[PDB]
Every structure is written in structure tokens, then in C-alpha cells.
Amino acid sequence: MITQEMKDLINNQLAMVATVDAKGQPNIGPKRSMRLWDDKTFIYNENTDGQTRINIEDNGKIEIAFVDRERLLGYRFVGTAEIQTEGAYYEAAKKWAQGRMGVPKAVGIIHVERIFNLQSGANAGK
Amino acid sequence: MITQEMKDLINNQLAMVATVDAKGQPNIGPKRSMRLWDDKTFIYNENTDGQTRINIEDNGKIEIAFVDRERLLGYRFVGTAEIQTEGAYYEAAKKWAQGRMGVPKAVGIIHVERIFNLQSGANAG
């Protein structure tokens, strides 16, 4: 679902993540550890329990955008998120962090459901 | 309440804008025209009838972020927003657009309530 063209941009740009709290306030922030798990899934290392973790545990809603500012290209990924503290995703996030950052409090997992282009704005699911 | 360092980042980086629709779904998109108006206000040129505009019109809630791709630097600005199609901001937005982009459909105005230093600073004001 995530194409090699998309992967290239993902691996060259910063993940910008939007979530929402209970009262409907959007929250935005970069996730510099955001990376692909497979062709339909992102993971990131959750180290702080900031608002993003709270929002995901509340309602699971999320959007991730990557933009190539220079070439005016990008992608928006829409899906469901969860937080895990045990299991395969978490242990992988733990190993990835070793020698790199602190031991993760949790791992965030994003299940991609729809993909949109960020020049056009059109659904790029084919 | 705006640092010169903040102004530098804002001028050199792309605003990413988060809003929410009437059903509570988040939306994120870039707005290259997002720019500081004064120390408590951003504006951007709205050239579309897209989701960011729809969401601002619905509930006014917004957060914007400017982040350096290559360095651990950036700022988050949280506040409320409105869309205008007439008045002084809109006239200013039209003048700004010439030689930069198309004639705007509207102007978005963001009233800053809180500032966050993103990767190294927590709150900044």
C-alpha cells in the first residue's frame, strides 16, 4: 500500500503528526523516530508521554504528513493509532533505541488506512 | 512574546497546520503562506475550499508547527483561528500574493494563545 516512491519521501522528510484530545483540540508535533514497520504500518518511539500518547490512548485518531518543501511534494497518511508497552513492536523499538536514545516508555503504532497526495490533495490509493 | 529566533524559523520554514472537523477527525496540511503578522497573530492566504478552511470555519481550533528538517529546532503555536473574505487582513493578503501566488479566496487569521519550543524547550510562552 505504501509504495517505494512514498517510502523514499518518508525516509527523506520529517513526520508531522496530528492527533486530537477529548474536547476536540488538535495537537501537532514532529516525530523524528517515525519509521516504517511494513507497507501499511508506521511505528515511533514514545519517550515522554506528551499529549500525543494521551490523545492516541483516548481515541486512536491520527494523521501523519510528510512534505518535500523544495520539490513541493508530499503525502498524508490517515489511520488508527495505538500505544503498546509489550510485544513485538515494543521490543523492536527497544532494540532500535539502544545506543541511540533512551529506553522507550512505549511504542506508537499507526495502521495506515488511506493515503492522500500533498500537491494535488487527491486520494492516492491504487 | 516572539523571539527573533522564532521569527527566523518562521520565515525559513514551512508551516504545518492541524485542525479538526465537526466529527472530531484531525486534519494536517502545509500552508506555505503562513506568516507572522504581529507578536500575537499569524495570517495565511487561503486559496482553496479545503479541509483546513472548513475546520476553521466550523470550530476555530488550530495548532501550527514550524520545524527545521536538518536541525533539532522548531516551534508550535496554539490558538484560535478565523477565516475572512473582506476587511484589512484580506486586503493585505491580496497585496502580499502578487508575485508569490494566486489571488486568495480568503485570509486565515490565527490568534496565538500559547507557544511551545518543540524539540528542546517545552513551553516558551
# chains A, B, ... in the order shown; residues from 1 in each chain; ligands from 1
>>> interface_residues(of="chain B", to="chain A", cutoff="10 Å", atoms="only C-alpha atoms", output="JSON, numbers by chain")
{"B": [13, 14, 16, 17, 18, 19, 20, 21, 22, 23, 24, 25, 26, 27, 28, 29, 30, 32, 50, 59, 60, 61, 62, 63, 64, 65, 66, 67, 68, 69, 70, 72, 74, 75, 76, 77, 78, 79, 118, 119]}
>>> write_last_selection(atoms="N, CA, C and O atoms", output="short mmCIF file (atom, residue, chain, number, x, y, z; two decimals), in the first residue's frame")
data_model
loop_
_atom_site.label_atom_id
_atom_site.label_comp_id
_atom_site.auth_asym_id
_atom_site.auth_seq_id
_atom_site.Cartn_x
_atom_site.Cartn_y
_atom_site.Cartn_z
N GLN B 13 10.96 28.33 7.39
CA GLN B 13 10.32 27.03 7.39
C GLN B 13 8.87 27.06 6.97
O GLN B 13 8.22 28.11 6.92
N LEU B 14 8.38 25.87 6.67
CA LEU B 14 7.04 25.65 6.18
C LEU B 14 6.10 25.41 7.35
O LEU B 14 6.38 24.56 8.19
N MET B 16 3.14 23.71 9.18
CA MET B 16 2.23 22.58 9.14
C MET B 16 1.07 22.88 10.07
O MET B 16 1.26 23.25 11.22
N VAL B 17 -0.14 22.73 9.55
CA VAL B 17 -1.34 23.22 10.22
C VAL B 17 -2.27 22.08 10.59
O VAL B 17 -2.72 21.33 9.73
N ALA B 18 -2.58 21.95 11.89
CA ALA B 18 -3.51 20.93 12.36
C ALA B 18 -4.84 21.55 12.79
O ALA B 18 -4.87 22.52 13.55
N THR B 19 -5.93 20.98 12.29
CA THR B 19 -7.28 21.39 12.64
C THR B 19 -8.12 20.14 12.87
O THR B 19 -7.63 19.04 12.70
N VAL B 20 -9.38 20.32 13.23
CA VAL B 20 -10.27 19.19 13.49
C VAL B 20 -11.63 19.44 12.85
O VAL B 20 -12.09 20.58 12.85
N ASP B 21 -12.27 18.41 12.28
CA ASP B 21 -13.58 18.64 11.65
C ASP B 21 -14.71 18.53 12.68
O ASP B 21 -14.47 18.33 13.87
N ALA B 22 -15.94 18.66 12.21
CA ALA B 22 -17.08 18.72 13.11
C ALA B 22 -17.32 17.37 13.78
O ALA B 22 -17.99 17.30 14.82
N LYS B 23 -16.76 16.31 13.21
CA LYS B 23 -16.93 14.97 13.76
C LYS B 23 -15.72 14.55 14.59
O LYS B 23 -15.64 13.40 15.04
N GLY B 24 -14.78 15.47 14.78
CA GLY B 24 -13.63 15.22 15.63
C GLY B 24 -12.43 14.56 14.96
O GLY B 24 -11.53 14.12 15.65
N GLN B 25 -12.42 14.50 13.64
CA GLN B 25 -11.28 13.93 12.92
C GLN B 25 -10.18 14.97 12.70
O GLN B 25 -10.46 16.08 12.22
N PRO B 26 -8.93 14.63 13.03
CA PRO B 26 -7.86 15.60 12.82
C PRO B 26 -7.51 15.75 11.34
O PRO B 26 -7.69 14.80 10.57
N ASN B 27 -7.02 16.92 10.97
CA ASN B 27 -6.51 17.15 9.62
C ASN B 27 -5.17 17.83 9.71
O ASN B 27 -4.95 18.66 10.58
N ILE B 28 -4.27 17.49 8.81
CA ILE B 28 -2.98 18.16 8.78
C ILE B 28 -2.64 18.54 7.35
O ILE B 28 -2.90 17.79 6.41
N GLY B 29 -2.12 19.74 7.16
CA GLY B 29 -1.68 20.14 5.84
C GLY B 29 -0.72 21.30 5.94
O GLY B 29 -0.73 22.04 6.92
N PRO B 30 0.11 21.48 4.90
CA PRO B 30 1.06 22.58 4.86
C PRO B 30 0.39 23.87 4.38
O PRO B 30 -0.53 23.83 3.57
N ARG B 32 2.19 27.21 2.94
CA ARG B 32 3.45 27.91 2.69
C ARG B 32 3.35 29.41 2.94
O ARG B 32 4.35 30.06 3.23
N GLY B 50 -10.56 23.93 0.98
CA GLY B 50 -10.09 22.66 1.51
C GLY B 50 -10.42 22.45 2.97
O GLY B 50 -11.12 23.25 3.59
N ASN B 59 -15.10 25.39 13.86
CA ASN B 59 -14.85 25.43 15.29
C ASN B 59 -13.67 26.29 15.74
O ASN B 59 -13.49 26.52 16.93
N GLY B 60 -12.87 26.77 14.78
CA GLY B 60 -11.82 27.72 15.11
C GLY B 60 -10.55 27.18 15.75
O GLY B 60 -9.61 27.93 15.97
N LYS B 61 -10.51 25.90 16.08
CA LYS B 61 -9.37 25.36 16.82
C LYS B 61 -8.20 25.08 15.88
O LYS B 61 -8.39 24.59 14.78
N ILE B 62 -6.99 25.40 16.32
CA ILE B 62 -5.83 25.25 15.44
C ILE B 62 -4.53 25.13 16.21
O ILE B 62 -4.38 25.71 17.30
N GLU B 63 -3.59 24.35 15.67
CA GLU B 63 -2.20 24.41 16.10
C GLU B 63 -1.34 24.42 14.85
O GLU B 63 -1.64 23.73 13.86
N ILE B 64 -0.27 25.20 14.87
CA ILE B 64 0.64 25.21 13.75
C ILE B 64 2.05 24.94 14.25
O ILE B 64 2.41 25.28 15.39
N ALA B 65 2.84 24.31 13.40
CA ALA B 65 4.21 23.98 13.78
C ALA B 65 5.15 24.35 12.65
O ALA B 65 4.86 24.10 11.48
N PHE B 66 6.30 24.92 13.02
CA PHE B 66 7.40 25.17 12.10
C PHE B 66 8.61 24.38 12.60
O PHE B 66 9.03 24.55 13.74
N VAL B 67 9.15 23.50 11.76
CA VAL B 67 10.26 22.66 12.20
C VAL B 67 11.36 22.59 11.16
O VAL B 67 11.11 22.33 9.99
N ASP B 68 12.59 22.83 11.61
CA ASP B 68 13.77 22.65 10.79
C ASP B 68 13.97 21.17 10.49
O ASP B 68 14.02 20.34 11.41
N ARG B 69 14.06 20.83 9.21
CA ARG B 69 14.26 19.45 8.78
C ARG B 69 15.61 18.91 9.25
O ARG B 69 15.74 17.76 9.66
N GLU B 70 16.62 19.77 9.18
CA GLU B 70 18.00 19.33 9.38
C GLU B 70 18.54 19.57 10.79
O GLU B 70 19.55 18.99 11.17
N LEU B 72 17.56 20.26 15.18
CA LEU B 72 16.56 19.98 16.21
C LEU B 72 15.92 21.26 16.71
O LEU B 72 15.97 21.56 17.90
N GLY B 74 12.53 24.14 16.39
CA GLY B 74 11.17 24.38 15.93
C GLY B 74 10.27 24.95 16.99
O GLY B 74 10.60 24.96 18.18
N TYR B 75 9.10 25.43 16.56
CA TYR B 75 8.12 25.99 17.48
C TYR B 75 6.72 25.58 17.09
O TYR B 75 6.43 25.45 15.90
N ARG B 76 5.90 25.39 18.12
CA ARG B 76 4.46 25.13 17.99
C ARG B 76 3.70 26.34 18.46
O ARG B 76 4.02 26.91 19.51
N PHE B 77 2.65 26.72 17.73
CA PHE B 77 1.82 27.85 18.14
C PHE B 77 0.38 27.35 18.22
O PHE B 77 -0.15 26.79 17.26
N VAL B 78 -0.24 27.54 19.38
CA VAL B 78 -1.59 27.07 19.61
C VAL B 78 -2.52 28.25 19.79
O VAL B 78 -2.16 29.22 20.45
N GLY B 79 -3.70 28.18 19.20
CA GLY B 79 -4.65 29.27 19.35
C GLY B 79 -5.99 29.05 18.69
O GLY B 79 -6.45 27.92 18.54
N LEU B 118 9.81 23.27 20.44
CA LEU B 118 9.41 21.90 20.11
C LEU B 118 10.35 20.80 20.60
O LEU B 118 9.92 19.89 21.31
N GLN B 119 11.61 20.87 20.22
CA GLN B 119 12.46 19.70 20.39
C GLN B 119 13.41 19.80 21.57
O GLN B 119 14.12 18.84 21.89
#
>>> residues_around(residues="residue 57 in chain B", least_positions_apart="6", cutoff="10 Å", atoms="only C-alpha atoms", output="PyMOL selection string")
chain B and resi 21-22+51+81-84+108
>>> closest_residue(among="B:34, B:112, B:9, B:2", to="residue 97 in chain B", atoms="only C-alpha atoms")
B:34
>>> residues_around(residues="residue 43 in chain A", least_positions_apart="5", cutoff="6 Å", atoms="only C-alpha atoms", output="ChimeraX atom specification")
/A:34-35,108-109
>>> residues_around(residues="residue 124 in chain B", least_positions_apart="3", cutoff="6 Å", atoms="only C-alpha atoms", output="PyMOL selection string")
chain B and resi 115-117
>>> residues_around(residues="residue 35 in chain B", least_positions_apart="6", cutoff="10 Å", atoms="only C-alpha atoms", output="list in words")
residues 7, 10, 11, 13, 14, 15, 41, 42, 43, 44, 45, 109 and 110 of chain B
>>> write_last_selection(atoms="N, CA, C and O atoms", output="compact mmCIF listing (two decimals), in the first residue's frame")
# COMPACT_ATOMS: atom_id res chain seq x y z
N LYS B 7 11.16 34.15 14.85
CA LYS B 7 10.86 34.80 13.57
C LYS B 7 11.70 34.22 12.44
O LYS B 7 11.22 34.06 11.32
N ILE B 10 10.29 30.77 11.51
CA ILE B 10 9.03 31.01 10.81
C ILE B 10 9.27 31.43 9.37
O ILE B 10 8.63 30.93 8.44
N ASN B 11 10.22 32.34 9.17
CA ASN B 11 10.50 32.84 7.83
C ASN B 11 11.18 31.81 6.95
O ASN B 11 11.04 31.85 5.72
N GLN B 13 10.96 28.33 7.39
CA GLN B 13 10.32 27.03 7.39
C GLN B 13 8.87 27.06 6.97
O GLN B 13 8.22 28.11 6.92
N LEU B 14 8.38 25.87 6.67
CA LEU B 14 7.04 25.65 6.18
C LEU B 14 6.10 25.41 7.35
O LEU B 14 6.38 24.56 8.19
N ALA B 15 4.98 26.13 7.43
CA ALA B 15 4.00 25.85 8.48
C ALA B 15 3.21 24.59 8.19
O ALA B 15 2.66 24.44 7.10
N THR B 41 -0.16 37.16 16.40
CA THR B 41 -1.05 36.85 15.28
C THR B 41 -0.29 36.32 14.08
O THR B 41 0.73 36.89 13.70
N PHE B 42 -0.78 35.21 13.50
CA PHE B 42 -0.33 34.76 12.17
C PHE B 42 -1.45 34.99 11.17
O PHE B 42 -2.63 35.00 11.53
N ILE B 43 -1.08 35.14 9.90
CA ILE B 43 -2.07 35.03 8.83
C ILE B 43 -1.56 34.12 7.73
O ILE B 43 -0.35 33.90 7.58
N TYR B 44 -2.49 33.55 6.97
CA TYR B 44 -2.10 32.81 5.77
C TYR B 44 -3.11 33.11 4.66
O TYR B 44 -4.23 33.55 4.92
N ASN B 45 -2.67 32.89 3.43
CA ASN B 45 -3.51 33.07 2.26
C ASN B 45 -4.24 31.78 1.94
O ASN B 45 -3.61 30.76 1.64
N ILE B 109 -6.71 33.95 9.88
CA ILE B 109 -6.07 34.71 10.94
C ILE B 109 -6.01 33.85 12.19
O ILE B 109 -7.03 33.35 12.65
N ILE B 110 -4.80 33.69 12.73
CA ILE B 110 -4.56 32.81 13.87
C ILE B 110 -4.15 33.67 15.05
O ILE B 110 -3.16 34.40 14.99
>>> select_by_dssp(residues="range 20-62 of chain A", states="strand (DSSP E)", output="ChimeraX atom specification")
/A:20,26-30,35-38,41-46,61-62
>>> atom_distance(atom1="CA of residue 36 in chain B", atom2="CA of residue 93 in chain B")
12.3 Å
>>> closest_residue(among="B:47, B:85, B:120, B:33", to="residue 100 in chain B", atoms="only C-alpha atoms")
B:33
>>> residues_around(residues="range 79-90 of chain A", least_positions_apart="2", cutoff="10 Å", atoms="only C-alpha atoms", output="PDB file with C-alpha atoms, in the first residue's frame")
ATOM      1  CA  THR A  19      -3.903  13.930  16.996  1.00  0.00           C
ATOM      2  CA  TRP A  37       7.260  -1.248  10.136  1.00  0.00           C
ATOM      3  CA  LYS A  40       0.845  -0.485   5.861  1.00  0.00           C
ATOM      4  CA  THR A  41       2.262   0.406   9.283  1.00  0.00           C
ATOM      5  CA  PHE A  42       4.397   3.073  10.965  1.00  0.00           C
ATOM      6  CA  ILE A  43       5.973   2.917  14.402  1.00  0.00           C
ATOM      7  CA  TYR A  44       7.622   5.552  16.564  1.00  0.00           C
ATOM      8  CA  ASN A  45       9.316   5.552  19.951  1.00  0.00           C
ATOM      9  CA  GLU A  46       7.282   7.211  22.677  1.00  0.00           C
ATOM     10  CA  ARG A  53       0.330   9.488  23.741  1.00  0.00           C
ATOM     11  CA  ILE A  54      -2.658  10.705  25.775  1.00  0.00           C
ATOM     12  CA  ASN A  55      -4.631  11.517  22.611  1.00  0.00           C
ATOM     13  CA  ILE A  56      -3.890   8.157  20.977  1.00  0.00           C
ATOM     14  CA  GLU A  57      -4.955   6.253  24.106  1.00  0.00           C
ATOM     15  CA  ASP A  58      -8.141   8.343  24.284  1.00  0.00           C
ATOM     16  CA  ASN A  59      -9.440   7.826  20.779  1.00  0.00           C
ATOM     17  CA  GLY A  60      -6.810   6.433  18.445  1.00  0.00           C
ATOM     18  CA  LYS A  61      -7.222   9.147  15.786  1.00  0.00           C
ATOM     19  CA  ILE A  62      -4.188  10.243  13.808  1.00  0.00           C
ATOM     20  CA  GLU A  63      -2.901  11.794  10.601  1.00  0.00           C
ATOM     21  CA  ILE A  64       0.740  11.901   9.502  1.00  0.00           C
ATOM     22  CA  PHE A  77      -1.398   9.178   5.842  1.00  0.00           C
ATOM     23  CA  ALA A  92      11.810  -3.827  18.242  1.00  0.00           C
ATOM     24  CA  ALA A  93      11.541  -0.184  19.299  1.00  0.00           C
ATOM     25  CA  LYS A  94      13.655  -1.014  22.366  1.00  0.00           C
ATOM     26  CA  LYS A  95      16.436  -2.628  20.307  1.00  0.00           C
ATOM     27  CA  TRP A  96      16.363   0.230  17.786  1.00  0.00           C
ATOM     28  CA  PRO A 104      11.202   3.687  25.227  1.00  0.00           C
ATOM     29  CA  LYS A 105       8.261   4.143  27.610  1.00  0.00           C
ATOM     30  CA  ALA A 106       6.067   2.778  24.864  1.00  0.00           C
ATOM     31  CA  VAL A 107       5.832   2.337  21.138  1.00  0.00           C
ATOM     32  CA  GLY A 108       3.271   4.109  18.987  1.00  0.00           C
ATOM     33  CA  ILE A 109       1.850   2.097  16.092  1.00  0.00           C
ATOM     34  CA  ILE A 110      -0.015   3.641  13.171  1.00  0.00           C
ATOM     35  CA  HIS A 111      -2.181   1.441  10.984  1.00  0.00           C
ATOM     36  CA  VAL A 112      -2.482   3.221   7.646  1.00  0.00           C
ATOM     37  CA  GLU A 113      -5.957   3.170   6.094  1.00  0.00           C
ATOM     38  CA  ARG A 114      -5.903   5.898   3.446  1.00  0.00           C
ATOM     39  CA  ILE A 115      -3.202   7.883   1.658  1.00  0.00           C
TER      40      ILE A 115
END
>>> residues_around(residues="residue 1 in chain A", least_positions_apart="4", cutoff="8 Å", atoms="only C-alpha atoms", output="MDAnalysis selection string")
chainID A and resid 39:40 125:126
>>> atom_distance(atom1="CA of residue 12 in chain B", atom2="CA of residue 99 in chain B")
18.4 Å
